[PDB]
Structure formats: C-alpha cells, structure tokens
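Cβ coordinates were reconstructed from backbone atoms using ideal geometry, including for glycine residues, and neighbour counts include every protein chain displayed. Every read-out reported here was derived from the displayed coordinates using simple, explicitly stated rules and does not represent laboratory data.
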Amino acid sequence: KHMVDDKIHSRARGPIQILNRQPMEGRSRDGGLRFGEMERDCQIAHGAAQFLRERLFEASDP
Amino acid sequence: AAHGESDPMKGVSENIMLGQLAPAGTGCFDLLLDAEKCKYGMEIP
Amino acid sequence: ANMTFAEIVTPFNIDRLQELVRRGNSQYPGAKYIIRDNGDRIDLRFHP
Amino acid sequence: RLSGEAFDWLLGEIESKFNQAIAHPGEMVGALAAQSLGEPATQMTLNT
Amino acid sequence: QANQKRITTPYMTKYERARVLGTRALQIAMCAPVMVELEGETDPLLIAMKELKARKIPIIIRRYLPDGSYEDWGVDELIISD
RNA sequence: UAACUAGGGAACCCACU
C-alpha cells in the first residue's frame, strides 16, 4: 500500500497555524517538516549557526 | 523568577530560543568591513 | 517546482532571471514570487 | 635512505599536516562528543 | 593588545572561511564592487571563492577572546586553510 | 471591465523508521 505519490510532498510558505505562527502538520494540510531537537543538535555539531538561525527563525516563523 | 535570576545568554540554547545568532562557530566571531581594502577594488560594469 | 530560492537581481543574472520571470510559474525553471525593493511580494502564479 | 631535498620536503609536509590537525577555535566540541558517544549507543546491545 | 600581543592562530579556520565566503558573496550579489578581475561569472559565491583565493576580501574578522578581549585579523593577514 | 486566501483542538487506533 505504500506508494510514492501518496508520500511525496514539498512545501514553501503555505498555510500557517493560528496558535503559533508555525507551519501546519502533515501533507494533507500542506504542512512543513519538523526540524526537531536532534536536528538542532546536529546543526550545532556542524557549526552551521546561520543555517540553524535560518531554519529555526527565518524560514519557520519570523 | 522567585529568586530574580538573570540569564547572560552566552550559551547556545538561549540564543536559539530567542532566535538570535548563536555563538557556536560561524558566529563565535564578528566581521568588520575593511576601510583601506575597499579603496583597492574596482567597480564592475 | 515548489521549493524556491530567493535570488537577488544583479546585472550578471538580470537577463536570465528576466527570462525565468517571463516563463512565470509552472513553466518549470521559472519563478513564483518577485520581491520589490520595499519588500512587496508580487505573485507570478496569478499572471499579472 | 632519504635524500636532502626529500628530507626538506618531508619536514615541510610534517609541519603542514600538523598545522592542519589543530582543533579549530569555534568548533562545537560538546555536541560533537555527545553525538560521538550516543551514536554507538544504538549499535550496542545487552543481549547480543 | 597590538600586533605584538596577537595570540590567536594565524590560520583561517573553517568557520571563518565559511562565514566570510557567505557574507562576501551576499555583498557581491548586492552589487558591491568586486576586488578581483573576474573572468566572467554570474554566481557570486564562485566570485567570493575567487576573492578568497586572491586573499583580497575586504573583511576584518573580530576574534573574541573568552576573557572579553578581541583581536582584529585581516583576511589577507590570515593564512587560508586550503 | 478581473471583485486574491486558506482557519480548530483533544483522545485513541494503525502504519513507517
């Protein structure tokens, strides 16, 4: 049952939640992916602090 | 809050929660635009 | 054709970016937003 | 049995490859070591 | 602390070159005058790599020492990593 | 003589890794 048209999604500045101005959840509501805690740790490890600022502030909810 | 504590925000989590630029490498330093070397470059057409 | 990079118009790429804006959106290599000097967004998917 | 110019090249190479191996100021060493210890944690097993 | 007390490493680190290329190519893309004789590019990041290899990026890195002091290294003063 | 934005949550269950 796991087809790739059912699983593909991308997103760019689409619908935004009302409780906080972060993107939606899930591909059915055109939501974006979660940049979770472990990715925050991994980008600390890279030392990409401008990329980490771009993810966690600018391209999520400025 | 009950003790009136402060947070100097030199760490990493503080600047991420406040959304400003962390001091983590690419960010541990700061950059100054040079004054003399900008005289030496030509304007591109 | 759904994830965009915000490329700044400079005289090196102004003809290329001009052609991608003339293609508009969904003529795949083109663009969807064109952002003014004062931060004003103009759609390219709604055909101005 | 190196030669003299081979030995001068050798000392230059040792000095260069040591100066490249210095820890870079700004490196997030803490997260790097915590990941360096927690990534073999998933591969380890009490019952293997 | 003058050039006699200039105690950080002379080598430009990977983080310094990663942010210097970024903020130099961002300036080049905003129609800064280019310091080097480019052979024809549209990518500002390649032009900033040209300027980094030419050691002509007009940027001074302010290296903050952990006690509160700071050094000011020119990019042309720094030995490039690669 | 083209009127141009989107709206909820909480629980459980299942699946993927």
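Side notes on the structure shown:
- Across region D:11-21, computed HN-Hα scalar couplings (Karplus, 6.51 cos²θ - 1.76 cosθ + 1.60, θ = phi - 60°) run 5, x, 5, 5, 5, 5, 6, 7, 5, 6, 8 Hz from first to last residue, x flagging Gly and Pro.
- Ranked by the mean number of other Cβ atoms within 10 Å of their residues, highest first, the peptides C:37-43, A:1-7, A:12-18 fall in the order A:12-18, C:37-43, A:1-7.
- Note: relative contact order over chain C, using C-alpha pairs below 8 Å and six or more positions apart, is 26 percent.
- Rounded Å value of the spacing that divides the Cα centres of region B:1-35 and region A:40-62: 13
- Using alpha-carbon coordinates, inclination of helix E:44-53 to the longest axis of chain E, degrees: 50
- Label point distance in nm, residue A:2-residue D:46, each placed 7 Å from Cα along Cα→Cβ: 2.9
- Amide H within-cut-off set for residue E:70, under 5 Å, with H built and near neighbours excluded: E:65
- Max mean-square fluctuation residue, GNM over chain A, Cα-Cα springs under 10 Å, options A:19, A:33, A:52: A:19
- Estimated inter-spin distance, residue E:14 and residue C:22, nm [label 7 Å along Cα→Cβ]: 4.4
- Taking chain E as a Gaussian network of alpha-carbon nodes connected by springs under 10 Å, the highest mean-square fluctuation of the residues E:46, E:21, E:65 belongs to E:65.
- Footprinting exposure proxy for C:46, C:12, B:29 (fewest neighbouring C-beta atoms within 10 Å first): C:46, C:12, B:29
- Looking at chain D, the pairs of alpha carbons with a distance over 12 Å make up 76% of the total.
- Which listed pairs, of D:17/E:53; E:14/E:50; D:17/E:50; B:37/E:53, have C-alpha distances above 22 Å, in listed order: D:17/E:50
- With only the Cα atoms considered, chain B has a convex hull volume of 135 Å³ per residue.
- The string of couplings for region C:6-21 from the Karplus curve (6.51, -1.76, 1.60, θ = phi - 60°) is 8, 9, 8, 6, 10, x, 6, 10, 6, 6, 4, 5, 4, 5, 6, 6 Hz, one whole number per residue in order, with x for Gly and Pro.
- Between the residues C:12, E:25, B:4, the greatest Cα displacement towards the positive end of the dipole of the protein assembly as shown, with unit charges on the Cβ of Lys, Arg, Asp and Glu, is found for C:12.
- Legend: calculated FRET efficiency, residue E:41 to residue D:15, from the Cβ-Cβ distance at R0 = 51 Å, rounded to 0.05, equals 0.90.
- Converting phi to 3J(HN,Hα) with the Karplus coefficients 6.51, -1.76 and 1.60 and the offset θ = phi - 60°, region D:33-44 yields 6, 5, 6, 5, 9, x, 6, x, 5, 6, 6, 6 Hz in sequence order, with x at every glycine or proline.
- Placed amide H near residue E:60: partners under 5 Å, 5+ positions off or other chain: B:32, B:33, B:34
- Cα pair count fraction exceeding 22 Å, expressed as % - chain E: 29
- Each Cα pair under 8 Å and six or more residues apart adds its sequence gap; the mean of these over the residue count of chain A is a relative contact order of 24 percent.
- For A:30, B:7, A:61, E:67, order by how many other beta-carbon atoms lie within 10 Å, fewest first: E:67, B:7, A:61, A:30
- Using all pairs of distinct alpha-carbon atoms, the Kirkwood hydrodynamic radius of the protein assembly as shown works out to 23.2 angstrom.
- Most mobile of E:22, E:68, E:40 in a GNM of chain E (Cα contacts under 10 Å): E:68
- Of E:63, A:34, the sequence from fewest to most neighbouring Cβ atoms within 10 angstrom is A:34, E:63.
- The mean sequence separation of alpha-carbon pairs under 8 Å and at least six residues apart, normalised by the residue count of chain E, gives a relative contact order of 34 percent.
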